[PDB]
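S.K.: Just work30.pdb, nothing more (PDB, C-alpha atoms and all ligand atoms):
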MODEL        1
ATOM      1  CA  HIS A   1     119.673  50.621-124.590  1.00  0.00           C
ATOM      2  CA  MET A   2     115.893  50.298-124.221  1.00  0.00           C
ATOM      3  CA  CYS A   3     114.828  50.162-127.833  1.00  0.00           C
ATOM      4  CA  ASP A   4     118.147  49.143-129.477  1.00  0.00           C
ATOM      5  CA  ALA A   5     116.577  46.399-131.548  1.00  0.00           C
ATOM      6  CA  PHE A   6     114.046  48.849-133.069  1.00  0.00           C
ATOM      7  CA  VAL A   7     116.646  51.405-134.136  1.00  0.00           C
ATOM      8  CA  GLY A   8     117.334  51.667-137.853  1.00  0.00           C
ATOM      9  CA  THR A   9     115.719  52.214-141.221  1.00  0.00           C
ATOM     10  CA  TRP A  10     112.819  49.929-142.105  1.00  0.00           C
ATOM     11  CA  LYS A  11     110.741  49.460-145.261  1.00  0.00           C
ATOM     12  CA  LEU A  12     107.135  48.217-145.490  1.00  0.00           C
ATOM     13  CA  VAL A  13     106.970  44.820-147.189  1.00  0.00           C
ATOM     14  CA  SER A  14     103.448  43.543-146.500  1.00  0.00           C
ATOM     15  CA  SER A  15     100.119  44.655-145.188  1.00  0.00           C
ATOM     16  CA  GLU A  16      96.980  42.777-144.262  1.00  0.00           C
ATOM     17  CA  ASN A  17      93.503  44.113-143.518  1.00  0.00           C
ATOM     18  CA  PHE A  18      94.655  47.739-143.509  1.00  0.00           C
ATOM     19  CA  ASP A  19      91.670  49.062-145.450  1.00  0.00           C
ATOM     20  CA  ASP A  20      89.255  47.561-142.904  1.00  0.00           C
ATOM     21  CA  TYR A  21      91.374  49.007-140.044  1.00  0.00           C
ATOM     22  CA  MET A  22      91.310  52.447-141.668  1.00  0.00           C
ATOM     23  CA  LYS A  23      87.524  52.167-142.155  1.00  0.00           C
ATOM     24  CA  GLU A  24      87.136  51.363-138.464  1.00  0.00           C
ATOM     25  CA  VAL A  25      89.281  54.425-137.597  1.00  0.00           C
ATOM     26  CA  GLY A  26      87.052  56.639-139.753  1.00  0.00           C
ATOM     27  CA  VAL A  27      89.418  57.337-142.659  1.00  0.00           C
ATOM     28  CA  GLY A  28      87.605  58.505-145.759  1.00  0.00           C
ATOM     29  CA  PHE A  29      87.617  56.844-149.165  1.00  0.00           C
ATOM     30  CA  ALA A  30      90.224  58.904-150.998  1.00  0.00           C
ATOM     31  CA  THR A  31      92.730  58.842-148.138  1.00  0.00           C
ATOM     32  CA  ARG A  32      92.237  55.079-147.681  1.00  0.00           C
ATOM     33  CA  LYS A  33      92.984  54.475-151.366  1.00  0.00           C
ATOM     34  CA  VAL A  34      96.096  56.648-151.525  1.00  0.00           C
ATOM     35  CA  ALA A  35      97.388  55.744-148.091  1.00  0.00           C
ATOM     36  CA  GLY A  36      96.810  52.028-148.752  1.00  0.00           C
ATOM     37  CA  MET A  37      99.141  52.192-151.785  1.00  0.00           C
ATOM     38  CA  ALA A  38     102.007  53.679-149.847  1.00  0.00           C
ATOM     39  CA  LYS A  39     105.156  51.766-148.914  1.00  0.00           C
ATOM     40  CA  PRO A  40     106.557  53.917-146.132  1.00  0.00           C
ATOM     41  CA  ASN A  41     110.035  53.848-144.724  1.00  0.00           C
ATOM     42  CA  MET A  42     110.189  54.122-141.002  1.00  0.00           C
ATOM     43  CA  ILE A  43     113.333  55.563-139.380  1.00  0.00           C
ATOM     44  CA  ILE A  44     113.666  54.880-135.655  1.00  0.00           C
ATOM     45  CA  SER A  45     116.359  56.466-133.512  1.00  0.00           C
ATOM     46  CA  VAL A  46     117.058  57.045-129.829  1.00  0.00           C
ATOM     47  CA  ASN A  47     118.935  59.941-128.194  1.00  0.00           C
ATOM     48  CA  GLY A  48     118.984  59.682-124.408  1.00  0.00           C
ATOM     49  CA  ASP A  49     115.400  59.208-123.250  1.00  0.00           C
ATOM     50  CA  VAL A  50     113.928  60.546-126.493  1.00  0.00           C
ATOM     51  CA  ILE A  51     112.741  58.123-129.158  1.00  0.00           C
ATOM     52  CA  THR A  52     112.048  59.422-132.703  1.00  0.00           C
ATOM     53  CA  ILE A  53     109.974  57.588-135.282  1.00  0.00           C
ATOM     54  CA  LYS A  54     109.991  59.205-138.679  1.00  0.00           C
ATOM     55  CA  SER A  55     108.003  57.940-141.593  1.00  0.00           C
ATOM     56  CA  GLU A  56     108.544  58.904-145.185  1.00  0.00           C
ATOM     57  CA  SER A  57     106.281  57.899-148.059  1.00  0.00           C
ATOM     58  CA  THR A  58     104.871  59.214-151.301  1.00  0.00           C
ATOM     59  CA  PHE A  59     101.731  60.105-149.311  1.00  0.00           C
ATOM     60  CA  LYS A  60     103.188  62.054-146.353  1.00  0.00           C
ATOM     61  CA  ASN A  61     106.297  62.663-144.258  1.00  0.00           C
ATOM     62  CA  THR A  62     105.521  62.354-140.536  1.00  0.00           C
ATOM     63  CA  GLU A  63     107.576  62.355-137.378  1.00  0.00           C
ATOM     64  CA  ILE A  64     107.026  61.789-133.677  1.00  0.00           C
ATOM     65  CA  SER A  65     109.476  62.221-130.807  1.00  0.00           C
ATOM     66  CA  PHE A  66     108.540  61.107-127.334  1.00  0.00           C
ATOM     67  CA  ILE A  67     109.578  59.845-123.904  1.00  0.00           C
ATOM     68  CA  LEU A  68     108.109  56.515-122.828  1.00  0.00           C
ATOM     69  CA  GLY A  69     105.063  56.960-120.614  1.00  0.00           C
ATOM     70  CA  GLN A  70     104.703  60.663-121.341  1.00  0.00           C
ATOM     71  CA  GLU A  71     101.634  61.771-123.343  1.00  0.00           C
ATOM     72  CA  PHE A  72     102.115  63.974-126.417  1.00  0.00           C
ATOM     73  CA  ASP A  73     100.256  65.561-129.321  1.00  0.00           C
ATOM     74  CA  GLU A  74     100.317  63.787-132.630  1.00  0.00           C
ATOM     75  CA  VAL A  75      98.841  64.728-135.979  1.00  0.00           C
ATOM     76  CA  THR A  76      98.476  61.381-137.769  1.00  0.00           C
ATOM     77  CA  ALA A  77      99.012  60.763-141.506  1.00  0.00           C
ATOM     78  CA  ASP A  78      95.216  60.838-141.985  1.00  0.00           C
ATOM     79  CA  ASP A  79      95.012  64.222-140.187  1.00  0.00           C
ATOM     80  CA  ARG A  80      93.560  63.139-136.848  1.00  0.00           C
ATOM     81  CA  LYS A  81      94.671  65.296-133.935  1.00  0.00           C
ATOM     82  CA  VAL A  82      95.303  62.679-131.262  1.00  0.00           C
ATOM     83  CA  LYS A  83      96.752  62.369-127.796  1.00  0.00           C
ATOM     84  CA  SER A  84      99.329  59.619-127.821  1.00  0.00           C
ATOM     85  CA  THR A  85     101.123  57.645-125.121  1.00  0.00           C
ATOM     86  CA  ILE A  86     103.840  55.107-125.937  1.00  0.00           C
ATOM     87  CA  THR A  87     105.164  52.585-123.433  1.00  0.00           C
ATOM     88  CA  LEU A  88     107.282  49.438-123.498  1.00  0.00           C
ATOM     89  CA  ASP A  89     105.504  46.318-122.341  1.00  0.00           C
ATOM     90  CA  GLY A  90     107.658  43.262-122.278  1.00  0.00           C
ATOM     91  CA  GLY A  91     109.761  44.399-125.192  1.00  0.00           C
ATOM     92  CA  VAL A  92     106.755  45.604-127.288  1.00  0.00           C
ATOM     93  CA  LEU A  93     106.278  49.296-128.043  1.00  0.00           C
ATOM     94  CA  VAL A  94     102.592  49.996-127.256  1.00  0.00           C
ATOM     95  CA  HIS A  95     101.193  53.228-128.797  1.00  0.00           C
ATOM     96  CA  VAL A  96      97.736  54.326-127.735  1.00  0.00           C
ATOM     97  CA  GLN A  97      96.002  57.194-129.603  1.00  0.00           C
ATOM     98  CA  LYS A  98      92.954  58.940-128.136  1.00  0.00           C
ATOM     99  CA  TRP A  99      90.700  61.345-130.058  1.00  0.00           C
ATOM    100  CA  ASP A 100      87.001  62.220-130.178  1.00  0.00           C
ATOM    101  CA  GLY A 101      86.208  59.644-127.448  1.00  0.00           C
ATOM    102  CA  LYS A 102      87.812  56.958-129.636  1.00  0.00           C
ATOM    103  CA  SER A 103      90.986  54.878-129.077  1.00  0.00           C
ATOM    104  CA  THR A 104      93.316  52.787-131.240  1.00  0.00           C
ATOM    105  CA  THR A 105      96.414  50.830-130.247  1.00  0.00           C
ATOM    106  CA  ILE A 106      99.464  50.228-132.393  1.00  0.00           C
ATOM    107  CA  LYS A 107     101.971  47.614-131.219  1.00  0.00           C
ATOM    108  CA  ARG A 108     105.485  47.342-132.674  1.00  0.00           C
ATOM    109  CA  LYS A 109     107.671  44.324-131.972  1.00  0.00           C
ATOM    110  CA  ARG A 110     110.763  42.605-133.332  1.00  0.00           C
ATOM    111  CA  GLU A 111     110.122  39.143-134.747  1.00  0.00           C
ATOM    112  CA  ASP A 112     113.114  37.418-136.388  1.00  0.00           C
ATOM    113  CA  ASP A 113     114.553  40.075-138.764  1.00  0.00           C
ATOM    114  CA  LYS A 114     111.225  41.874-139.119  1.00  0.00           C
ATOM    115  CA  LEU A 115     109.551  44.691-137.289  1.00  0.00           C
ATOM    116  CA  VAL A 116     105.865  43.768-137.052  1.00  0.00           C
ATOM    117  CA  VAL A 117     103.228  46.465-136.545  1.00  0.00           C
ATOM    118  CA  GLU A 118      99.775  45.446-135.297  1.00  0.00           C
ATOM    119  CA  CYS A 119      97.079  48.126-135.492  1.00  0.00           C
ATOM    120  CA  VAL A 120      93.836  47.475-133.599  1.00  0.00           C
ATOM    121  CA  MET A 121      90.571  49.483-133.658  1.00  0.00           C
ATOM    122  CA  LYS A 122      87.804  47.749-131.693  1.00  0.00           C
ATOM    123  CA  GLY A 123      87.500  44.284-133.270  1.00  0.00           C
ATOM    124  CA  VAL A 124      89.614  44.978-136.332  1.00  0.00           C
ATOM    125  CA  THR A 125      93.329  44.244-136.579  1.00  0.00           C
ATOM    126  CA  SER A 126      95.769  45.036-139.351  1.00  0.00           C
ATOM    127  CA  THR A 127      99.269  43.597-139.539  1.00  0.00           C
ATOM    128  CA  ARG A 128     102.065  45.488-141.317  1.00  0.00           C
ATOM    129  CA  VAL A 129     105.474  43.919-141.707  1.00  0.00           C
ATOM    130  CA  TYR A 130     108.695  45.920-142.139  1.00  0.00           C
ATOM    131  CA  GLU A 131     112.200  44.666-142.995  1.00  0.00           C
ATOM    132  CA  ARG A 132     115.529  46.475-142.755  1.00  0.00           C
ATOM    133  CA  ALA A 133     116.122  48.886-145.629  1.00  0.00           C
TER
HETATM  134  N1  LIG B   1     104.661  59.279-143.334  1.00  0.00           N
HETATM  135  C1  LIG B   1     103.663  58.284-143.440  1.00  0.00           C
HETATM  136  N2  LIG B   1     103.271  57.955-144.756  1.00  0.00           N
HETATM  137  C2  LIG B   1     102.202  56.872-144.540  1.00  0.00           C
HETATM  138  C3  LIG B   1     101.501  56.236-145.546  1.00  0.00           C
HETATM  139  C4  LIG B   1     100.543  55.279-145.237  1.00  0.00           C
HETATM  140  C5  LIG B   1     100.347  54.974-143.872  1.00  0.00           C
HETATM  141  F1  LIG B   1      99.443  54.067-143.595  1.00  0.00           F
HETATM  142  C6  LIG B   1     101.056  55.618-142.835  1.00  0.00           C
HETATM  143  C7  LIG B   1     102.021  56.615-143.120  1.00  0.00           C
HETATM  144  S1  LIG B   1     102.985  57.522-142.207  1.00  0.00           S
ENDMDL
END
Step by step, read the file and then write its structure as structure tokens.
Ligand SMILES: Nc1nc2ccc(F)cc2s1
M.R.:
Amino acid sequence: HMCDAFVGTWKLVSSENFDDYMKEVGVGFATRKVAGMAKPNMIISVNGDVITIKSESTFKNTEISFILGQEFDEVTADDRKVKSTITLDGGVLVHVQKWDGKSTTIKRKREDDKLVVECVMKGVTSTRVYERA
């Protein structure tokens, strides 16, 4: 019942500072422009200990499945090959990606009827808000 409140189909409704976050990550111009336009749907489901987060947009379809605390390979939407670990910390899903000696953390939490996604790369934060589809 660990992630019950995250389960469902979610649609992006707002984004702040995402271009600056992507710059900090190292995303190139053309990908930042196209990816910044996208309004992904995120589909979250749980089956036993396995959590799946699928994202569908006009830019890319991506999918991760994982067990909390157990590192996995992820190819990100911007084509980074990263090593990811996702844990629950006080009800917040905390997703750390490591690649090329770099690190970024993505936190997902329920706030009212929203699912709020905070993406941090060094000093730069972007906030992306999803509502139920
Ligand atoms: N499947 C996905 N499409 C996008 C589009 C933009 C983005 F920032 C993340 C994702 S994941």
S.K.: Hey, what's within 8 Å of residue 58 of chain A if we count all atoms listed in the file and toss same-chain stuff fewer than 6 positions away? As number ranges by chain, please?
M.R.: A: 38-40
S.K.: Starting from the displayed file, determine the output of the PyMOL selection byres (((not hetatm)) within 8 of (chain B and resi 1)) and express the residue list as a compact mmCIF listing (two decimals) with C-alpha atoms, in the frame of the given file.
M.R.:
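Result written to out24.txt:
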# COMPACT_ATOMS: atom_id res chain seq x y z
CA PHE A 18 94.66 47.74 -143.51
CA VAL A 34 96.10 56.65 -151.52
CA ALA A 35 97.39 55.74 -148.09
CA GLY A 36 96.81 52.03 -148.75
CA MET A 37 99.14 52.19 -151.78
CA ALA A 38 102.01 53.68 -149.85
CA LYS A 39 105.16 51.77 -148.91
CA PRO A 40 106.56 53.92 -146.13
CA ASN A 41 110.04 53.85 -144.72
CA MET A 42 110.19 54.12 -141.00
CA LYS A 54 109.99 59.20 -138.68
CA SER A 55 108.00 57.94 -141.59
CA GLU A 56 108.54 58.90 -145.18
CA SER A 57 106.28 57.90 -148.06
CA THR A 58 104.87 59.21 -151.30
CA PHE A 59 101.73 60.10 -149.31
CA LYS A 60 103.19 62.05 -146.35
CA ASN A 61 106.30 62.66 -144.26
CA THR A 62 105.52 62.35 -140.54
CA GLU A 63 107.58 62.36 -137.38
CA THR A 76 98.48 61.38 -137.77
CA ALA A 77 99.01 60.76 -141.51
CA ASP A 78 95.22 60.84 -141.99
S.K.: Translate the PyMOL selection byres (((chain A and resi 123) around 12) and not hetatm), as applied to the file shown, into an explicit residue set as a PyMOL selection string.
M.R.: chain A and resi 17+20-21+23-25+103-105+119-122+124-126
S.K.: Could you turn the residues from that selection into a file that holds C-alpha atoms, as a short mmCIF file (atom, residue, chain, number, x, y, z; two decimals), keeping the file's coordinate frame?
M.R.:
data_model
loop_
_atom_site.label_atom_id
_atom_site.label_comp_id
_atom_site.auth_asym_id
_atom_site.auth_seq_id
_atom_site.Cartn_x
_atom_site.Cartn_y
_atom_site.Cartn_z
CA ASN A 17 93.50 44.11 -143.52
CA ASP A 20 89.26 47.56 -142.90
CA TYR A 21 91.37 49.01 -140.04
CA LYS A 23 87.52 52.17 -142.16
CA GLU A 24 87.14 51.36 -138.46
CA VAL A 25 89.28 54.42 -137.60
CA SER A 103 90.99 54.88 -129.08
CA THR A 104 93.32 52.79 -131.24
CA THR A 105 96.41 50.83 -130.25
CA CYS A 119 97.08 48.13 -135.49
CA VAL A 120 93.84 47.48 -133.60
CA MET A 121 90.57 49.48 -133.66
CA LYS A 122 87.80 47.75 -131.69
CA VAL A 124 89.61 44.98 -136.33
CA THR A 125 93.33 44.24 -136.58
CA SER A 126 95.77 45.04 -139.35
#
S.K.: Please give the centre and size of the box around segment 60-64 of chain A (axis-aligned, containing every atom listed in the file, 4 Å added per side), with values in Å to one decimal and written as lines of an AutoDock Vina configuration file.
M.R.:
center_x = 105.4
center_y = 62.2
center_z = -140.0
size_x = 12.4
size_y = 8.9
size_z = 20.7
S.K.: Might you pull out every residue within 10 Å of residue 53 of chain A, with only C-alpha atoms counted and same-chain residues fewer than 5 positions away left off, and present them as a list in words?
M.R.: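 Residues meeting the cut-off are residues 6, 7, 8, 9, 42, 43, 44, 45, 46, 62, 63, 64, 65 and 66 of chain A.
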S.K.: Once you have the residues from the selection above, write them out as a PDB file, in the frame of the given file, restricted to C-alpha atoms.
M.R.:
ATOM      1  CA  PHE A   6     114.046  48.849-133.069  1.00  0.00           C
ATOM      2  CA  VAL A   7     116.646  51.405-134.136  1.00  0.00           C
ATOM      3  CA  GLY A   8     117.334  51.667-137.853  1.00  0.00           C
ATOM      4  CA  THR A   9     115.719  52.214-141.221  1.00  0.00           C
ATOM      5  CA  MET A  42     110.189  54.122-141.002  1.00  0.00           C
ATOM      6  CA  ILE A  43     113.333  55.563-139.380  1.00  0.00           C
ATOM      7  CA  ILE A  44     113.666  54.880-135.655  1.00  0.00           C
ATOM      8  CA  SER A  45     116.359  56.466-133.512  1.00  0.00           C
ATOM      9  CA  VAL A  46     117.058  57.045-129.829  1.00  0.00           C
ATOM     10  CA  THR A  62     105.521  62.354-140.536  1.00  0.00           C
ATOM     11  CA  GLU A  63     107.576  62.355-137.378  1.00  0.00           C
ATOM     12  CA  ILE A  64     107.026  61.789-133.677  1.00  0.00           C
ATOM     13  CA  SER A  65     109.476  62.221-130.807  1.00  0.00           C
ATOM     14  CA  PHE A  66     108.540  61.107-127.334  1.00  0.00           C
TER      15      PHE A  66
END
S.K.: Spell out the residues picked by the PyMOL selection byres (((chain A and resi 95-102) around 9) and not hetatm) here, as a VMD selection string.
M.R.: chain A and resid 25 74 80 to 88 93 to 94 103 to 108 121
S.K.: For the selection just defined, write its residues with C-alpha atoms to a file, as a PDB file, in the coordinates of the input.
M.R.:
ATOM      1  CA  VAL A  25      89.281  54.425-137.597  1.00  0.00           C
ATOM      2  CA  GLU A  74     100.317  63.787-132.630  1.00  0.00           C
ATOM      3  CA  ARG A  80      93.560  63.139-136.848  1.00  0.00           C
ATOM      4  CA  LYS A  81      94.671  65.296-133.935  1.00  0.00           C
ATOM      5  CA  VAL A  82      95.303  62.679-131.262  1.00  0.00           C
ATOM      6  CA  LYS A  83      96.752  62.369-127.796  1.00  0.00           C
ATOM      7  CA  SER A  84      99.329  59.619-127.821  1.00  0.00           C
ATOM      8  CA  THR A  85     101.123  57.645-125.121  1.00  0.00           C
ATOM      9  CA  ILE A  86     103.840  55.107-125.937  1.00  0.00           C
ATOM     10  CA  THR A  87     105.164  52.585-123.433  1.00  0.00           C
ATOM     11  CA  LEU A  88     107.282  49.438-123.498  1.00  0.00           C
ATOM     12  CA  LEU A  93     106.278  49.296-128.043  1.00  0.00           C
ATOM     13  CA  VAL A  94     102.592  49.996-127.256  1.00  0.00           C
ATOM     14  CA  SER A 103      90.986  54.878-129.077  1.00  0.00           C
ATOM     15  CA  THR A 104      93.316  52.787-131.240  1.00  0.00           C
ATOM     16  CA  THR A 105      96.414  50.830-130.247  1.00  0.00           C
ATOM     17  CA  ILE A 106      99.464  50.228-132.393  1.00  0.00           C
ATOM     18  CA  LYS A 107     101.971  47.614-131.219  1.00  0.00           C
ATOM     19  CA  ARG A 108     105.485  47.342-132.674  1.00  0.00           C
ATOM     20  CA  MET A 121      90.571  49.483-133.658  1.00  0.00           C
TER      21      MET A 121
END
